[PDB]
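Notes for the one structure printed next.
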Amino acid sequence: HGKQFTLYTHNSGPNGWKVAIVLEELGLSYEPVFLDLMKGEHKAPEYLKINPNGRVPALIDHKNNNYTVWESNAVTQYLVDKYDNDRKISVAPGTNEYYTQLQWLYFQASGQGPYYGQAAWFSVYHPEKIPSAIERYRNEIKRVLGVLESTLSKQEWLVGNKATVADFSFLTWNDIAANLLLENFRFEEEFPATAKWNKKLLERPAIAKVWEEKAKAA
Amino acid sequence: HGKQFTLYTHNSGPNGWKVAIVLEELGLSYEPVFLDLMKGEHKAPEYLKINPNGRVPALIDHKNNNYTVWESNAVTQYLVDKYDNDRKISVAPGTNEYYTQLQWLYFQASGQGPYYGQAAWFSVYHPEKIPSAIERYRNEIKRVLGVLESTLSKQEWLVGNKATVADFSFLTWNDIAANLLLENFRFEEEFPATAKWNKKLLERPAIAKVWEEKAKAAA
Ligand SMILES: N[C@@H](CCC(=O)N[C@@H](CSSC[C@H](NC(=O)CC[C@H](N)C(=O)O)C(=O)NCC(=O)O)C(=O)NCC(=O)O)C(=O)O
Ligand SMILES: N[C@@H](CCC(=O)N[C@@H](CSSC[C@H](NC(=O)CC[C@H](N)C(=O)O)C(=O)NCC(=O)O)C(=O)NCC(=O)O)C(=O)O
Ligand code: NA
Ligand code: NA
């Protein structure tokens, strides 16, 4: 055949692994292309032709005339809508539930990722240490966890009464938050429903497999 | 009331007016409820039942058994998918281009909004003034405009060879960036394709109507 997809990514980043989880859960074949962000490969003309935003990940579907799509959650939606026909990890397009799923994916993409990412930036990469900025995004991480907790303490999954890509989407950034960004953090005590949700998801065979890969990387 | 939708929103923020544009473009009736964020109305138990994130906007469709959805771009997708059957401002669900439309909407939601929003925060609300932080997000604003420019200099619209909600979605934050977040900004000079794109969208009857409502609301 040749592998169906090419996934432009890098050794270890939260959004690439997120897409990898979707691919593995769907049993889809893919070849990862690891861009060296340190060397600016993602800002080179060759990659800009794939994603003009110059960020990873991006996906090419070789079975669909090399249809190319970027933004990890748009990539995710493309994958489940077209290739999760048995609805193993997604709700059906054309239903009200689909937009609740979409709502949660937008909360992840606009409410979790960018804000956690600023915590990561100010703690690690910003040229000067700014305690008030570090504080600001640490507080936002806890707020976001509280939003998850308020729903997960009331129902088992975010949508569809089954684990979906909506639930999956929060995993990689929450891992970074718990294991790097937050200090003296006790996930299970502070956000019990969310911690338990997180634990179960990581126990899914496909997710656990990728999580082991992630550990082996970076 | 009597109106098909209730739109939870407020006077100043860009995402509510963005949804208002979609509703007006589709000719749908709605009653806006303007919440006072400085009175913590969005963090009250009553609104948290509507959106547990405690942010605006949120939409209730009274014609669809009060189906409720939040996240402005998720609300937008719901509206065009269900109510834009003639595809006046959107591409068709089930196509490939739908996911390109979605891609651009995620770029707006995750690449424009939150970063422009951090420029807003550090420039206006953060209780200490931090030049390196202000500079960081002003820079990112310019980078984002550059991304738009690189595409719009080569094609008329983001997707489907017609104006869609993907194009519309960038308007309100770009307005704030152009007039408030950047200093001595010259849209047409710095980003000519994007500025022309911006200008054309603002000429649309429905958008011009909302833009005036927004202008009066500021004031
Ligand atoms: N919305 C996009 C986010 C993708 C993304 O951020 N990719 C990162 C690698 S993950 S590393 C996490 C990443 N931070 C960065 O990329 C830091 C560098 C950046 N230029 C900056 O100045 O902030 C971040 O905060 N992301 C927010 C999020 O995930 O929502 C990247 O390509 N960086 C190259 C670059 O920007 O030059 C998606 O979901 O696909
Ligand atoms: N992704 C959401 C964003 C919705 C949103 O941010 N609504 C704002 C009003 S617009 S005002 C713009 C807003 N800034 C804020 O909300 C500032 C207060 C905030 N808690 C903080 O600390 O940054 C922002 O940066 N948004 C990023 C974006 O639009 O993507 C709100 O309800 N704030 C109440 C609150 O947070 O308490 C959407 O598109 O619906
Ligand atoms: Na990534
Ligand atoms: Na708003």
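We name chains A, B, ... following the order of the structure tokens; residues begin at 1 in each chain, and ligands are numbered from 1 as shown.
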
Inset, instruction - Using only C-alpha atoms, find which residues of chain A lie within 6 Å of chain B and jot them down as a VMD selection string. - result: chain A and resid 53 71 74 102 to 103 109 to 110 147

Legend entry - At most 6 Å from ligand 1 (only C-alpha atoms and all ligand atoms): residue list as a PyMOL selection string: (chain A and resi 13-15+55-57+71-72+109+113-114+117-118) or (chain B and resi 110-111)

Legend entry - Contacts of residue 197 (chain A) within 12 Å, only C-alpha atoms, excl. fewer than 3 positions in-chain, as a PyMOL selection string: chain A and resi 145+148-149+151-153+155-158+162-164+167-168+170-171+174+187-188+191-194+200-204

Legend entry - All residues having an atom within 6 Å of ligand 4 (only C-alpha atoms and all ligand atoms) as a PyMOL selection string: chain B and resi 13-16+56-57

Do you have, as JSON lines, the list of residues of chain A lying at most 12 Å from ligand 2, each with its nearest atom pair and that distance in Å to one decimal, counting only C-alpha atoms and all ligand atoms and ordered by chain then number?
```
{"residue": "A:102", "atom": "CA", "partner": "ligand 2", "partner_atom_place_in_ligand_line": "1 (N)", "distance": 12.0}
{"residue": "A:103", "atom": "CA", "partner": "ligand 2", "partner_atom_place_in_ligand_line": "40 (O)", "distance": 9.1}
{"residue": "A:104", "atom": "CA", "partner": "ligand 2", "partner_atom_place_in_ligand_line": "1 (N)", "distance": 10.4}
{"residue": "A:105", "atom": "CA", "partner": "ligand 2", "partner_atom_place_in_ligand_line": "1 (N)", "distance": 10.4}
{"residue": "A:106", "atom": "CA", "partner": "ligand 2", "partner_atom_place_in_ligand_line": "1 (N)", "distance": 6.8}
{"residue": "A:107", "atom": "CA", "partner": "ligand 2", "partner_atom_place_in_ligand_line": "1 (N)", "distance": 6.3}
{"residue": "A:108", "atom": "CA", "partner": "ligand 2", "partner_atom_place_in_ligand_line": "1 (N)", "distance": 9.0}
{"residue": "A:109", "atom": "CA", "partner": "ligand 2", "partner_atom_place_in_ligand_line": "1 (N)", "distance": 8.2}
{"residue": "A:110", "atom": "CA", "partner": "ligand 2", "partner_atom_place_in_ligand_line": "1 (N)", "distance": 5.0}
{"residue": "A:111", "atom": "CA", "partner": "ligand 2", "partner_atom_place_in_ligand_line": "1 (N)", "distance": 6.0}
{"residue": "A:112", "atom": "CA", "partner": "ligand 2", "partner_atom_place_in_ligand_line": "1 (N)", "distance": 9.6}
{"residue": "A:113", "atom": "CA", "partner": "ligand 2", "partner_atom_place_in_ligand_line": "1 (N)", "distance": 11.1}
{"residue": "A:114", "atom": "CA", "partner": "ligand 2", "partner_atom_place_in_ligand_line": "30 (O)", "distance": 9.0}
{"residue": "A:115", "atom": "CA", "partner": "ligand 2", "partner_atom_place_in_ligand_line": "23 (O)", "distance": 9.0}
{"residue": "A:118", "atom": "CA", "partner": "ligand 2", "partner_atom_place_in_ligand_line": "23 (O)", "distance": 11.5}
{"residue": "A:133", "atom": "CA", "partner": "ligand 2", "partner_atom_place_in_ligand_line": "22 (O)", "distance": 10.8}
{"residue": "A:135", "atom": "CA", "partner": "ligand 2", "partner_atom_place_in_ligand_line": "22 (O)", "distance": 11.1}
{"residue": "A:136", "atom": "CA", "partner": "ligand 2", "partner_atom_place_in_ligand_line": "22 (O)", "distance": 7.4}
{"residue": "A:137", "atom": "CA", "partner": "ligand 2", "partner_atom_place_in_ligand_line": "22 (O)", "distance": 8.5}
{"residue": "A:138", "atom": "CA", "partner": "ligand 2", "partner_atom_place_in_ligand_line": "22 (O)", "distance": 11.2}
{"residue": "A:139", "atom": "CA", "partner": "ligand 2", "partner_atom_place_in_ligand_line": "22 (O)", "distance": 9.1}
{"residue": "A:140", "atom": "CA", "partner": "ligand 2", "partner_atom_place_in_ligand_line": "22 (O)", "distance": 7.4}
{"residue": "A:141", "atom": "CA", "partner": "ligand 2", "partner_atom_place_in_ligand_line": "22 (O)", "distance": 11.1}
{"residue": "A:143", "atom": "CA", "partner": "ligand 2", "partner_atom_place_in_ligand_line": "20 (N)", "distance": 9.4}
{"residue": "A:144", "atom": "CA", "partner": "ligand 2", "partner_atom_place_in_ligand_line": "20 (N)", "distance": 10.8}
```
